[PDB]
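Structure file coords39.cif (mmCIF, N, CA and C atoms) is printed below.
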data_protein
#
loop_
_atom_site.label_atom_id
_atom_site.label_comp_id
_atom_site.auth_asym_id
_atom_site.auth_seq_id
_atom_site.Cartn_x
_atom_site.Cartn_y
_atom_site.Cartn_z
N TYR Q 1184 -5.23 -6.88 -5.83
CA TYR Q 1184 -5.09 -8.23 -6.39
C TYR Q 1184 -3.82 -8.35 -7.21
N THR Q 1185 -3.35 -7.25 -7.81
CA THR Q 1185 -2.01 -7.28 -8.38
C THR Q 1185 -0.96 -7.29 -7.29
N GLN Q 1186 -1.25 -6.67 -6.14
CA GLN Q 1186 -0.39 -6.81 -4.98
C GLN Q 1186 -0.44 -8.24 -4.46
N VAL Q 1187 -1.60 -8.89 -4.57
CA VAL Q 1187 -1.69 -10.32 -4.31
C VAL Q 1187 -0.87 -11.10 -5.33
N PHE Q 1188 -1.07 -10.84 -6.62
CA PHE Q 1188 -0.46 -11.69 -7.64
C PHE Q 1188 1.04 -11.44 -7.74
N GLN Q 1189 1.50 -10.26 -7.33
CA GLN Q 1189 2.94 -10.05 -7.24
C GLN Q 1189 3.55 -10.85 -6.10
N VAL Q 1190 2.92 -10.82 -4.93
CA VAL Q 1190 3.48 -11.48 -3.75
C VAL Q 1190 3.38 -12.99 -3.88
N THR Q 1191 2.27 -13.49 -4.45
CA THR Q 1191 2.11 -14.94 -4.57
C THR Q 1191 3.09 -15.56 -5.56
N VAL Q 1192 3.33 -14.89 -6.69
CA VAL Q 1192 4.36 -15.35 -7.61
C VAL Q 1192 5.75 -15.15 -7.00
N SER Q 1193 5.90 -14.15 -6.13
CA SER Q 1193 7.15 -13.97 -5.39
C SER Q 1193 7.40 -15.13 -4.42
N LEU Q 1194 6.33 -15.77 -3.93
CA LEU Q 1194 6.52 -17.04 -3.25
C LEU Q 1194 6.91 -18.15 -4.22
N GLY Q 1195 6.54 -18.03 -5.49
CA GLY Q 1195 6.68 -19.14 -6.39
C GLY Q 1195 5.68 -20.21 -6.03
N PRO Q 1196 4.36 -19.96 -6.36
CA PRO Q 1196 3.22 -20.68 -5.76
C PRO Q 1196 3.32 -22.19 -5.79
N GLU Q 1197 2.73 -22.83 -4.77
CA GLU Q 1197 3.14 -24.07 -4.06
C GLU Q 1197 3.76 -25.07 -5.05
N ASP Q 1198 3.12 -25.37 -6.17
CA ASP Q 1198 3.76 -26.09 -7.26
C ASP Q 1198 3.54 -25.44 -8.62
N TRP Q 1199 2.95 -24.25 -8.67
CA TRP Q 1199 2.65 -23.60 -9.94
C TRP Q 1199 3.27 -22.20 -9.97
N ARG Q 1200 4.54 -22.12 -10.37
CA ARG Q 1200 5.19 -20.83 -10.62
C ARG Q 1200 5.45 -20.73 -12.12
N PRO Q 1201 4.89 -19.71 -12.77
CA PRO Q 1201 4.94 -19.67 -14.24
C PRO Q 1201 6.15 -18.92 -14.76
N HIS Q 1202 6.54 -19.25 -15.99
CA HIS Q 1202 7.38 -18.37 -16.79
C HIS Q 1202 6.53 -17.36 -17.55
N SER Q 1203 5.21 -17.54 -17.51
CA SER Q 1203 4.22 -16.48 -17.68
C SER Q 1203 4.10 -15.72 -16.36
N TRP Q 1204 2.93 -15.08 -16.13
CA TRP Q 1204 2.69 -13.67 -15.79
C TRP Q 1204 2.56 -12.88 -17.09
N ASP Q 1205 1.59 -13.31 -17.90
CA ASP Q 1205 0.94 -12.46 -18.89
C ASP Q 1205 -0.45 -12.13 -18.35
N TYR Q 1206 -0.62 -10.88 -17.92
CA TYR Q 1206 -1.81 -10.44 -17.19
C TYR Q 1206 -3.06 -10.49 -18.07
N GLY Q 1207 -4.20 -10.78 -17.44
CA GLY Q 1207 -5.49 -10.72 -18.08
C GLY Q 1207 -5.67 -11.76 -19.17
N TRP Q 1208 -6.77 -11.63 -19.90
CA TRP Q 1208 -6.88 -10.60 -20.92
C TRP Q 1208 -8.00 -9.64 -20.61
N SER Q 1209 -8.93 -10.07 -19.76
CA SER Q 1209 -10.06 -9.22 -19.38
C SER Q 1209 -9.65 -8.17 -18.36
N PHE Q 1210 -8.48 -8.33 -17.74
CA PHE Q 1210 -8.02 -7.34 -16.78
C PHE Q 1210 -7.48 -6.10 -17.48
N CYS Q 1211 -6.94 -6.26 -18.68
CA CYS Q 1211 -6.70 -5.09 -19.52
C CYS Q 1211 -8.02 -4.51 -20.02
N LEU Q 1212 -9.04 -5.36 -20.17
CA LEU Q 1212 -10.37 -4.89 -20.53
C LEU Q 1212 -11.12 -4.34 -19.33
N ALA Q 1213 -10.84 -4.84 -18.12
CA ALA Q 1213 -11.42 -4.24 -16.92
C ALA Q 1213 -10.82 -2.87 -16.65
N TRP Q 1214 -9.58 -2.66 -17.10
CA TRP Q 1214 -9.00 -1.32 -17.14
C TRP Q 1214 -9.79 -0.40 -18.05
N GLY Q 1215 -10.29 -0.92 -19.17
CA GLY Q 1215 -11.08 -0.10 -20.07
C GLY Q 1215 -12.45 0.23 -19.52
N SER Q 1216 -12.92 -0.55 -18.54
CA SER Q 1216 -14.15 -0.21 -17.86
C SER Q 1216 -13.97 1.01 -16.96
N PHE Q 1217 -12.74 1.29 -16.53
CA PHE Q 1217 -12.51 2.45 -15.68
C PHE Q 1217 -12.61 3.74 -16.47
N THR Q 1218 -11.97 3.80 -17.65
CA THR Q 1218 -12.05 5.01 -18.46
C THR Q 1218 -13.42 5.16 -19.10
N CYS Q 1219 -14.22 4.09 -19.11
CA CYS Q 1219 -15.58 4.20 -19.60
C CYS Q 1219 -16.51 4.67 -18.48
N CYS Q 1220 -16.08 4.50 -17.22
CA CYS Q 1220 -16.69 5.25 -16.12
C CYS Q 1220 -16.34 6.72 -16.19
N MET Q 1221 -15.11 7.04 -16.60
CA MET Q 1221 -14.64 8.42 -16.58
C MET Q 1221 -15.23 9.23 -17.72
N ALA Q 1222 -15.35 8.62 -18.90
CA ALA Q 1222 -15.97 9.31 -20.03
C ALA Q 1222 -17.46 9.49 -19.81
N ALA Q 1223 -18.08 8.60 -19.03
CA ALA Q 1223 -19.48 8.77 -18.69
C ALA Q 1223 -19.67 9.86 -17.65
N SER Q 1224 -18.64 10.12 -16.84
CA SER Q 1224 -18.79 11.06 -15.73
C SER Q 1224 -18.57 12.50 -16.19
N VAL Q 1225 -17.71 12.71 -17.19
CA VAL Q 1225 -17.38 14.07 -17.60
C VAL Q 1225 -18.51 14.69 -18.41
N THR Q 1226 -19.37 13.86 -19.01
CA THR Q 1226 -20.42 14.39 -19.86
C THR Q 1226 -21.71 14.63 -19.09
N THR Q 1227 -21.87 14.00 -17.93
CA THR Q 1227 -23.07 14.22 -17.13
C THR Q 1227 -22.86 15.30 -16.08
N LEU Q 1228 -21.60 15.66 -15.80
CA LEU Q 1228 -21.35 16.90 -15.09
C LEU Q 1228 -21.30 18.07 -16.05
N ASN Q 1229 -21.14 17.79 -17.35
CA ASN Q 1229 -21.29 18.83 -18.35
C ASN Q 1229 -22.75 19.22 -18.53
N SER Q 1230 -23.67 18.29 -18.27
CA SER Q 1230 -25.09 18.63 -18.23
C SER Q 1230 -25.45 19.37 -16.94
N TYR Q 1231 -24.65 19.19 -15.89
CA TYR Q 1231 -24.86 19.90 -14.64
C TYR Q 1231 -24.52 21.38 -14.76
N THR Q 1232 -23.62 21.75 -15.67
CA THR Q 1232 -23.22 23.15 -15.81
C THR Q 1232 -24.28 23.97 -16.52
N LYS Q 1233 -25.15 23.33 -17.28
CA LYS Q 1233 -26.16 24.04 -18.06
C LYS Q 1233 -27.43 24.25 -17.24
N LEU J 789 6.52 -3.04 -7.41
CA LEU J 789 5.33 -2.21 -7.25
C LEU J 789 4.93 -2.04 -5.80
N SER J 790 5.40 -2.93 -4.92
CA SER J 790 4.83 -3.08 -3.58
C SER J 790 5.10 -1.86 -2.70
N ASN J 791 6.23 -1.20 -2.91
CA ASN J 791 6.56 -0.02 -2.13
C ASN J 791 5.70 1.18 -2.51
N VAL J 792 5.08 1.15 -3.69
CA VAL J 792 4.28 2.28 -4.15
C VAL J 792 2.82 2.11 -3.75
N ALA J 793 2.38 0.92 -3.88
CA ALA J 793 0.94 0.68 -3.74
C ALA J 793 0.45 0.94 -2.32
N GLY J 794 1.36 0.99 -1.35
CA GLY J 794 0.97 1.41 -0.01
C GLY J 794 0.59 2.87 0.08
N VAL J 795 1.10 3.69 -0.85
CA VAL J 795 0.79 5.12 -0.84
C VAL J 795 -0.59 5.37 -1.45
N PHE J 796 -1.21 4.34 -2.03
CA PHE J 796 -2.56 4.48 -2.57
C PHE J 796 -3.59 4.67 -1.47
N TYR J 797 -3.31 4.16 -0.27
CA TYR J 797 -4.27 4.21 0.82
C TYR J 797 -4.51 5.64 1.29
N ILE J 798 -3.45 6.43 1.38
CA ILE J 798 -3.61 7.84 1.70
C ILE J 798 -4.01 8.61 0.44
N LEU J 799 -3.77 8.04 -0.74
CA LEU J 799 -4.22 8.67 -1.97
C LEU J 799 -5.73 8.56 -2.12
N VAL J 800 -6.28 7.38 -1.86
CA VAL J 800 -7.73 7.21 -1.79
C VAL J 800 -8.27 7.88 -0.53
N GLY J 801 -7.44 7.97 0.52
CA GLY J 801 -7.83 8.71 1.71
C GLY J 801 -8.03 10.20 1.44
N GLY J 802 -7.30 10.74 0.46
CA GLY J 802 -7.62 12.07 -0.02
C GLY J 802 -8.88 12.09 -0.86
N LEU J 803 -9.14 11.01 -1.59
CA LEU J 803 -10.35 10.93 -2.42
C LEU J 803 -11.60 10.82 -1.55
N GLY J 804 -11.48 10.16 -0.40
CA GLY J 804 -12.54 10.24 0.59
C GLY J 804 -12.61 11.61 1.23
N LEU J 805 -11.46 12.25 1.41
CA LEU J 805 -11.44 13.63 1.88
C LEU J 805 -11.97 14.58 0.82
N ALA J 806 -11.82 14.21 -0.46
CA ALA J 806 -12.44 14.97 -1.54
C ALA J 806 -13.96 14.91 -1.44
N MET J 807 -14.50 13.80 -0.96
CA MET J 807 -15.94 13.68 -0.83
C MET J 807 -16.43 14.28 0.48
N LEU J 808 -15.66 14.11 1.56
CA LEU J 808 -16.11 14.52 2.88
C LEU J 808 -16.17 16.03 3.02
N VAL J 809 -15.22 16.74 2.41
CA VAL J 809 -15.26 18.20 2.43
C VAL J 809 -16.34 18.71 1.48
N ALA J 810 -16.59 18.00 0.38
CA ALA J 810 -17.56 18.47 -0.60
C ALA J 810 -18.99 18.32 -0.10
N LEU J 811 -19.26 17.29 0.71
CA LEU J 811 -20.62 17.05 1.18
C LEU J 811 -21.04 18.06 2.23
N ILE J 812 -20.10 18.51 3.07
CA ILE J 812 -20.45 19.50 4.08
C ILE J 812 -20.55 20.88 3.46
N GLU J 813 -20.01 21.06 2.25
CA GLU J 813 -20.26 22.28 1.49
C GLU J 813 -21.73 22.41 1.10
N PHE J 814 -22.41 21.28 0.87
CA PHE J 814 -23.85 21.32 0.67
C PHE J 814 -24.59 21.73 1.94
N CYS J 815 -24.01 21.47 3.11
CA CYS J 815 -24.54 22.04 4.34
C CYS J 815 -24.26 23.54 4.42
N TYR J 816 -23.18 24.01 3.79
CA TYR J 816 -23.00 25.45 3.62
C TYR J 816 -23.83 25.98 2.45
N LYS J 817 -24.41 25.09 1.64
CA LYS J 817 -25.40 25.50 0.65
C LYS J 817 -26.80 25.55 1.25
#

Would you kindly transcribe this structure into structure tokens?
Amino acid sequence: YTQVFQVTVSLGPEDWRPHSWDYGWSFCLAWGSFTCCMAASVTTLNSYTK
Amino acid sequence: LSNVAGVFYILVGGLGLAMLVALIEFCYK
């Protein structure tokens, strides 16, 4: 979708091309959902070692 | 970014290969 949003702004969308492109704000927070998957995964494989 | 993001497909293709080799190890288990 960033590959989408890069290419669509590269078209300069039909009548809406911004001087923004300030990403998210929840997409920086959706990034934080990824590392919260990762911190959840390292501790439950740590229970697998015991 | 566009020239890089195409390399993600074989990068995730290794991540599927990370799963595909690991699951048949359970058949060796």

When the cut-off is 8 Å and we count all atoms listed in the file, which residues of chain J are near chain Q, given as a PyMOL selection string? chain J and resi 789-790+793

For a test of reading the model, state the distance in Å between atom C of residue 1191 in chain Q and atom N of residue 1206 in chain Q, rounded to one decimal.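 Computing the Euclidean distance for atom C of residue 1191 in chain Q and atom N of residue 1206 in chain Q yields 13.7 Å.
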
Provide the atom N of residue 1193 in chain Q to atom N of residue 1214 in chain Q distance in Å, to one decimal place.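 These two atoms are separated by 22.2 Å.
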
Report, as JSON, the axis-aligned box around all atoms of range 1187-1203 of chain Q present in the file, extended by 8 Å on each side; give centre and edge lengths in Å to one decimal place.
{"center_x": 2.9, "center_y": -17.5, "center_z": -10.5, "size_x": 25.1, "size_y": 33.2, "size_z": 30.4}

In Å, with one decimal, what is the gap from atom N of residue 808 in chain J to atom C of residue 796 in chain J?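 Interatomic distance, atom N of residue 808 in chain J to atom C of residue 796 in chain J: 15.6 Å.
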
Quick check for you: according to DSSP on this backbone, which residues of chain Q are classed as alpha helix (DSSP H)? Reply as a PyMOL selection string. chain Q and resi 1185-1194+1209-1227

May I have the residues from that selection written out with N, CA and C atoms, as a JSON list (two decimals), in the frame of the given file?
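Output file selection-v1.json is given in full below:
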[["chain", "number", "residue", "atom", "x", "y", "z"],
["Q", 1185, "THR", "N", -3.35, -7.25, -7.81],
["Q", 1185, "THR", "CA", -2.01, -7.28, -8.38],
["Q", 1185, "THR", "C", -0.96, -7.29, -7.29],
["Q", 1186, "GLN", "N", -1.25, -6.67, -6.14],
["Q", 1186, "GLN", "CA", -0.39, -6.81, -4.98],
["Q", 1186, "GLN", "C", -0.44, -8.24, -4.46],
["Q", 1187, "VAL", "N", -1.60, -8.89, -4.57],
["Q", 1187, "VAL", "CA", -1.69, -10.32, -4.31],
["Q", 1187, "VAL", "C", -0.87, -11.10, -5.33],
["Q", 1188, "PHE", "N", -1.07, -10.84, -6.62],
["Q", 1188, "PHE", "CA", -0.46, -11.69, -7.64],
["Q", 1188, "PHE", "C", 1.04, -11.44, -7.74],
["Q", 1189, "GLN", "N", 1.50, -10.26, -7.33],
["Q", 1189, "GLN", "CA", 2.94, -10.05, -7.24],
["Q", 1189, "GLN", "C", 3.55, -10.85, -6.10],
["Q", 1190, "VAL", "N", 2.92, -10.82, -4.93],
["Q", 1190, "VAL", "CA", 3.48, -11.48, -3.75],
["Q", 1190, "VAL", "C", 3.38, -12.99, -3.88],
["Q", 1191, "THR", "N", 2.27, -13.49, -4.45],
["Q", 1191, "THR", "CA", 2.11, -14.94, -4.57],
["Q", 1191, "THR", "C", 3.09, -15.56, -5.56],
["Q", 1192, "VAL", "N", 3.33, -14.89, -6.69],
["Q", 1192, "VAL", "CA", 4.36, -15.35, -7.61],
["Q", 1192, "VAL", "C", 5.75, -15.15, -7.00],
["Q", 1193, "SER", "N", 5.90, -14.15, -6.13],
["Q", 1193, "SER", "CA", 7.15, -13.97, -5.39],
["Q", 1193, "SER", "C", 7.40, -15.13, -4.42],
["Q", 1194, "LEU", "N", 6.33, -15.77, -3.93],
["Q", 1194, "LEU", "CA", 6.52, -17.04, -3.25],
["Q", 1194, "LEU", "C", 6.91, -18.15, -4.22],
["Q", 1209, "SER", "N", -8.93, -10.07, -19.76],
["Q", 1209, "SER", "CA", -10.06, -9.22, -19.38],
["Q", 1209, "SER", "C", -9.65, -8.17, -18.36],
["Q", 1210, "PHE", "N", -8.48, -8.33, -17.74],
["Q", 1210, "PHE", "CA", -8.02, -7.34, -16.78],
["Q", 1210, "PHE", "C", -7.48, -6.10, -17.48],
["Q", 1211, "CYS", "N", -6.94, -6.26, -18.68],
["Q", 1211, "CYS", "CA", -6.70, -5.09, -19.52],
["Q", 1211, "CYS", "C", -8.02, -4.51, -20.02],
["Q", 1212, "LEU", "N", -9.04, -5.36, -20.17],
["Q", 1212, "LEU", "CA", -10.37, -4.89, -20.53],
["Q", 1212, "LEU", "C", -11.12, -4.34, -19.33],
["Q", 1213, "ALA", "N", -10.84, -4.84, -18.12],
["Q", 1213, "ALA", "CA", -11.42, -4.24, -16.92],
["Q", 1213, "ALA", "C", -10.82, -2.87, -16.65],
["Q", 1214, "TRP", "N", -9.58, -2.66, -17.10],
["Q", 1214, "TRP", "CA", -9.00, -1.32, -17.14],
["Q", 1214, "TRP", "C", -9.79, -0.40, -18.05],
["Q", 1215, "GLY", "N", -10.29, -0.92, -19.17],
["Q", 1215, "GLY", "CA", -11.08, -0.10, -20.07],
["Q", 1215, "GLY", "C", -12.45, 0.23, -19.52],
["Q", 1216, "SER", "N", -12.92, -0.55, -18.54],
["Q", 1216, "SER", "CA", -14.15, -0.21, -17.86],
["Q", 1216, "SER", "C", -13.97, 1.01, -16.96],
["Q", 1217, "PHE", "N", -12.74, 1.29, -16.53],
["Q", 1217, "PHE", "CA", -12.51, 2.45, -15.68],
["Q", 1217, "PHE", "C", -12.61, 3.74, -16.47],
["Q", 1218, "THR", "N", -11.97, 3.80, -17.65],
["Q", 1218, "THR", "CA", -12.05, 5.01, -18.46],
["Q", 1218, "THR", "C", -13.42, 5.16, -19.10],
["Q", 1219, "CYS", "N", -14.22, 4.09, -19.11],
["Q", 1219, "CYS", "CA", -15.58, 4.20, -19.60],
["Q", 1219, "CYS", "C", -16.51, 4.67, -18.48],
["Q", 1220, "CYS", "N", -16.08, 4.50, -17.22],
["Q", 1220, "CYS", "CA", -16.69, 5.25, -16.12],
["Q", 1220, "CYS", "C", -16.34, 6.72, -16.19],
["Q", 1221, "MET", "N", -15.11, 7.04, -16.60],
["Q", 1221, "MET", "CA", -14.64, 8.42, -16.58],
["Q", 1221, "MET", "C", -15.23, 9.23, -17.72],
["Q", 1222, "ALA", "N", -15.35, 8.62, -18.90],
["Q", 1222, "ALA", "CA", -15.97, 9.31, -20.03],
["Q", 1222, "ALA", "C", -17.46, 9.49, -19.81],
["Q", 1223, "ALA", "N", -18.08, 8.60, -19.03],
["Q", 1223, "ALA", "CA", -19.48, 8.77, -18.69],
["Q", 1223, "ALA", "C", -19.67, 9.86, -17.65],
["Q", 1224, "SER", "N", -18.64, 10.12, -16.84],
["Q", 1224, "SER", "CA", -18.79, 11.06, -15.73],
["Q", 1224, "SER", "C", -18.57, 12.50, -16.19],
["Q", 1225, "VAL", "N", -17.71, 12.71, -17.19],
["Q", 1225, "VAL", "CA", -17.38, 14.07, -17.60],
["Q", 1225, "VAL", "C", -18.51, 14.69, -18.41],
["Q", 1226, "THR", "N", -19.37, 13.86, -19.01],
["Q", 1226, "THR", "CA", -20.42, 14.39, -19.86],
["Q", 1226, "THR", "C", -21.71, 14.63, -19.09],
["Q", 1227, "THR", "N", -21.87, 14.00, -17.93],
["Q", 1227, "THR", "CA", -23.07, 14.22, -17.13],
["Q", 1227, "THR", "C", -22.86, 15.30, -16.08]]

Starting from the incomplete input, reconstruct N, CA, C and O atoms of range 1194-1206 of chain Q and report them as a PDB file, keeping the file's coordinate frame.
ATOM      1  N   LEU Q1194       6.330 -15.770  -3.930  1.00  0.00           N
ATOM      2  CA  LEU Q1194       6.520 -17.040  -3.250  1.00  0.00           C
ATOM      3  C   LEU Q1194       6.910 -18.150  -4.220  1.00  0.00           C
ATOM      4  O   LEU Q1194       7.558 -19.111  -3.806  1.00  0.00           O
ATOM      5  N   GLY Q1195       6.540 -18.030  -5.490  1.00  0.00           N
ATOM      6  CA  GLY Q1195       6.680 -19.140  -6.390  1.00  0.00           C
ATOM      7  C   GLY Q1195       5.680 -20.210  -6.030  1.00  0.00           C
ATOM      8  O   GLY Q1195       6.041 -21.234  -5.437  1.00  0.00           O
ATOM      9  N   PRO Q1196       4.360 -19.960  -6.360  1.00  0.00           N
ATOM     10  CA  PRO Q1196       3.220 -20.680  -5.760  1.00  0.00           C
ATOM     11  C   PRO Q1196       3.320 -22.190  -5.790  1.00  0.00           C
ATOM     12  O   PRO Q1196       3.817 -22.741  -6.784  1.00  0.00           O
ATOM     13  N   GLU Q1197       2.730 -22.830  -4.770  1.00  0.00           N
ATOM     14  CA  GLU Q1197       3.140 -24.070  -4.060  1.00  0.00           C
ATOM     15  C   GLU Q1197       3.760 -25.070  -5.050  1.00  0.00           C
ATOM     16  O   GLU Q1197       4.873 -25.550  -4.794  1.00  0.00           O
ATOM     17  N   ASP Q1198       3.120 -25.370  -6.170  1.00  0.00           N
ATOM     18  CA  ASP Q1198       3.760 -26.090  -7.260  1.00  0.00           C
ATOM     19  C   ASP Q1198       3.540 -25.440  -8.620  1.00  0.00           C
ATOM     20  O   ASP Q1198       3.874 -26.053  -9.634  1.00  0.00           O
ATOM     21  N   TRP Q1199       2.950 -24.250  -8.670  1.00  0.00           N
ATOM     22  CA  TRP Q1199       2.650 -23.600  -9.940  1.00  0.00           C
ATOM     23  C   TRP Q1199       3.270 -22.200  -9.970  1.00  0.00           C
ATOM     24  O   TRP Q1199       2.641 -21.195  -9.651  1.00  0.00           O
ATOM     25  N   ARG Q1200       4.540 -22.120 -10.370  1.00  0.00           N
ATOM     26  CA  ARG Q1200       5.190 -20.830 -10.620  1.00  0.00           C
ATOM     27  C   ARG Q1200       5.450 -20.730 -12.120  1.00  0.00           C
ATOM     28  O   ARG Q1200       6.105 -21.597 -12.725  1.00  0.00           O
ATOM     29  N   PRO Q1201       4.890 -19.710 -12.770  1.00  0.00           N
ATOM     30  CA  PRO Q1201       4.940 -19.670 -14.240  1.00  0.00           C
ATOM     31  C   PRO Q1201       6.150 -18.920 -14.760  1.00  0.00           C
ATOM     32  O   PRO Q1201       6.720 -18.059 -14.082  1.00  0.00           O
ATOM     33  N   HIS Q1202       6.540 -19.250 -15.990  1.00  0.00           N
ATOM     34  CA  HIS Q1202       7.380 -18.370 -16.790  1.00  0.00           C
ATOM     35  C   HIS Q1202       6.530 -17.360 -17.550  1.00  0.00           C
ATOM     36  O   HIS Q1202       7.078 -16.423 -18.150  1.00  0.00           O
ATOM     37  N   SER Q1203       5.210 -17.540 -17.510  1.00  0.00           N
ATOM     38  CA  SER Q1203       4.220 -16.480 -17.680  1.00  0.00           C
ATOM     39  C   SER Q1203       4.100 -15.720 -16.360  1.00  0.00           C
ATOM     40  O   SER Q1203       4.967 -15.856 -15.494  1.00  0.00           O
ATOM     41  N   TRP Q1204       2.930 -15.080 -16.130  1.00  0.00           N
ATOM     42  CA  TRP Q1204       2.690 -13.670 -15.790  1.00  0.00           C
ATOM     43  C   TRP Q1204       2.560 -12.880 -17.090  1.00  0.00           C
ATOM     44  O   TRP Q1204       3.333 -11.961 -17.388  1.00  0.00           O
ATOM     45  N   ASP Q1205       1.590 -13.310 -17.900  1.00  0.00           N
ATOM     46  CA  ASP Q1205       0.940 -12.460 -18.890  1.00  0.00           C
ATOM     47  C   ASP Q1205      -0.450 -12.130 -18.350  1.00  0.00           C
ATOM     48  O   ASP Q1205      -1.336 -12.985 -18.326  1.00  0.00           O
ATOM     49  N   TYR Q1206      -0.620 -10.880 -17.920  1.00  0.00           N
ATOM     50  CA  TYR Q1206      -1.810 -10.440 -17.190  1.00  0.00           C
ATOM     51  C   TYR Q1206      -3.060 -10.490 -18.070  1.00  0.00           C
ATOM     52  O   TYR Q1206      -3.003 -10.268 -19.279  1.00  0.00           O
TER      53      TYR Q1206
END
